[PDB]
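Below is one structure, written out as structure tokens, with a few remarks after it.
Here, residue 1 is the first one in the sequence, and each next residue gets the next number.
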Amino acid sequence: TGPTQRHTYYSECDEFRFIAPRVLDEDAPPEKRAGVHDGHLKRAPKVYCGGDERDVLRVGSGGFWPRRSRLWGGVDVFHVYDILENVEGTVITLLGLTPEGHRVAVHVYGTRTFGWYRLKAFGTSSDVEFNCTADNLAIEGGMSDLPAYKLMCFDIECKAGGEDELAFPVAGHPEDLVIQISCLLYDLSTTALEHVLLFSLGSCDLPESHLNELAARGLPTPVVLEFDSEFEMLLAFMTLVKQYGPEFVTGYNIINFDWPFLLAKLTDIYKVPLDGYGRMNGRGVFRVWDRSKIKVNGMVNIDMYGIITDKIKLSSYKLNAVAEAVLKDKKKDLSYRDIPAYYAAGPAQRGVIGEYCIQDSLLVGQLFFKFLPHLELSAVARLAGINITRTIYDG
Ligand SMILES: [Ca+2]
Ligand SMILES: [Ca+2]
């Protein structure tokens, strides 16, 4: 039988373009440690974690990252945060959470924005889905606290791989690789940090001092996901994005750098269709366009750089200067000038790259929870009668 509408995200993958820095071949002689390998490889993408080893696209009990996924590849009151329009007649899809924290999509038929509602083959990555008409819906008065939506705060590190290692990385150059992704998952209602993930191209041993500091701050112990190539890492990040499905996503300059870089790699280098990687399982919007906008269906992208430049007056809006100014937190900064020499040194030094990548995402979380931009944007979305996505990206 299978799904009525085809899922277009990778639920399976048995061959891919393998691109990796040759310096990770710590067993190879120096004459062959320069540049990147770039070829095809006929095996399933895989991820390593703490000595254990899994296929990236396998779903089961032993997963290295959290999921909020009912369906994978077809295998098996509410609060609305976002609304999709699609054709089946025009169907209006309300995306949301119940008080229990189940993900819902309610498909409203017969038509020709943020708050609680009452009711009176899935098209999406939800736990339950409903067909109804607009008369089956009413605003649930007396409910105003946000359900347990999830925020993903993320940051990429890139490494230019051409004859100048200090050159600004260009996504269209196959040898300019994403080498790490920090991915911090928070509960948006309680503000609790629930997971600290570091995606790493190559082996990566975070330092004891960093692990002890996070433990002393009472924060979750980081999970390091190690990968042999850029595609396996990018596929796994997108797999987490689809499987965990953070309703809100934040970062610093993620709209003008991180998202455009990732999506350029995924689209141009690897030929991965992005239209099933949002909330919808295929034929959904997932696009960056030019400073940039972004639309990912079912995901609210909030760039803290935009929020902060709009809100504080500063001599510099570099994340470090902002952290010193706003949080009073004097972050020590790893230079982009350091990254190539550290990356080539071994898993301990790639661990130092990892620490600073995690610390960056942690500051952006603190900034996020200070300004609470989602509260400002949802308030405007309610008042102005438009969805929160359009509230951000339209004038
Ligand atoms: Ca960033
Ligand atoms: Ca960074």
Side-chain angles (χ1 to χ4, degrees), residues 145-146 148-158 180-199 206-224 246 248-259 291 300-339 342 349-380 392:
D145 282 6
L146 198 72
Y149 291 127
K150 305 304 180 171
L151 176 70
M152 169 177 84
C153 177
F154 83 106
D155 183 35
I156 77 179
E157 285 297 319
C158 301
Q180 293 183 354
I181 306 172
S182 48
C183 175
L184 308 194
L185 307 171
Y186 297 80
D187 189 292
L188 185 57
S189 70
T190 68
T191 82
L193 175 55
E194 299 186 313
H195 296 90
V196 176
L197 302 175
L198 183 60
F199 296 73
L206 290 168
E208 294 162 304
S209 66
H210 174 67
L211 293 174
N212 296 348
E213 179 202 311
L214 294 184
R217 287 167 57 190
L219 301 179
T221 309
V223 174
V224 186
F248 296 73
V249 172
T250 197
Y252 208 71
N253 215 36
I254 47 158
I255 300 320
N256 307 317
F257 183 73
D258 307 53
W259 271 131
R291 300 191 79 99
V300 185
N301 280 281
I302 300 177
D303 195 323
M304 283 310 302
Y305 172 74
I307 300 299
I308 279 161
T309 53
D310 288 342
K311 202 168 294 288
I312 320 295
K313 287 311 170 304
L314 294 174
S315 168
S316 172
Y317 291 92
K318 291 181 189 160
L319 181 60
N320 185 1
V322 163
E324 298 165 49
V326 170
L327 304 174
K328 302 308 188 195
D329 190 359
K330 191 169 184 172
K331 166 172 69 114
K332 58 193 64 172
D333 208 40
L334 184 63
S335 302
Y336 70 87
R337 297 165 185 280
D338 294 314
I339 293 295
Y342 276 70
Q349 300 87 348
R350 284 183 300 263
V352 175
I353 305 169
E355 161 177 32
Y356 285 68
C357 191
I358 296 165
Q359 163 192 53
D360 284 347
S361 296
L362 281 169
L363 292 169
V364 173
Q366 293 176 68
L367 291 169
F368 182 99
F369 284 106
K370 186 178 182 63
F371 294 108
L372 300 173
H374 62 294
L375 298 188
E376 300 194 296
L377 289 161
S378 57
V380 173
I392 302 157

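Atom CD of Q180 and atom CD1 of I353 lie 5.5 Å apart (nearest 0.5 Å). Note: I308 CD1 to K370 NZ = 10.0 Å, rounded to the nearest 0.5 Å. Between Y317 atom OH and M304 atom CE the span is 12.5 Å, to the nearest 0.5 Å. The distance from atom CZ of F371 to atom CD1 of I307, rounded to the nearest 0.5 Å, is 9.5 Å. Rounding to the nearest 0.5 Å places CD1 of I358 at 11.0 Å from CG of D155. From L363, atom CG reaches atom SG of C153 across 9.0 Å, with rounding to the nearest 0.5 Å.
No side-chain heavy atom of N301 sits under 4.5 Å from any side-chain heavy atom of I392. Annotation: side chain of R217 is in contact with side chain of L362 (closest heavy-atom distance under 4.5 Å). Counting only heavy atoms from C-beta outward, the side chains of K311 and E376 approach each other to under 4.5 Å.
Ion pairing between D333 and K331 holds under the 4.0 Å rule for side-chain N and carboxylate O.
Between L319 and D360, the closest heavy-atom pair is CD2-O, 3.9 Å. Closest approach of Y342 to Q349, counting heavy atoms only: O-CB, 3.3 Å. Counting all heavy atoms, side chain and backbone alike, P220 lies closest to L214 at O-CD1, 4.4 Å. Residues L197 and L184 share a closest heavy-atom pair of N-CD2, 4.3 Å. Listed here is the closest heavy atom pair of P246 and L151: CB-C, 4.4 Å. Among all heavy-atom pairs drawn from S316 and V322, the shortest one is O-CG2, 4.3 Å.
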query = Would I255 and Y305 satisfy side chain to side chain contact (heavy atoms under 4.5 Å, CB included), going step by step from the backbone distance to the final call?
reply = CA-CA 9 Å; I255 300 320; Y305 172 74; over 6 Å; no
Given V223 and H195, is the side chain to side chain contact (heavy atoms under 4.5 Å, CB included) satisfied, shown in steps?
CA-CA 8 Å; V223 174; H195 296 90; over 6 Å; no
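Note: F154 and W259 have perpendicular aromatic rings, judged against thresholds of 30 and 60 degrees for the angle between ring planes.
Under a 3.5 Å cut-off, the side chain of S361 and the backbone N or O of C183 do not form any donor-acceptor pair. For the pair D329 (side chain) and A323 (backbone), a donor-acceptor distance under 3.5 Å is absent. A donor-acceptor pair under 3.5 Å is absent between the side-chain atoms of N256 and the main chain of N253, judged by distance alone.
Of the residues listed (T221, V196, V224), the one engaging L206 in a side-chain contact (heavy atoms from CB on, under 4.5 Å) is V224, and it is the only one.
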Let me have the donor-acceptor pairs involving side chains of residues 185-193, under 3.5 Å, with sequence neighbours excluded, atom names and distances please.
residue	atom	partner	partner atom	Å
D187	OD1	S189	N	2.8
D187	OD1	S189	OG	2.6
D187	OD1	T190	N	3.0
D187	OD2	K150	NZ	2.8
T190	OG1	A192	N	3.3

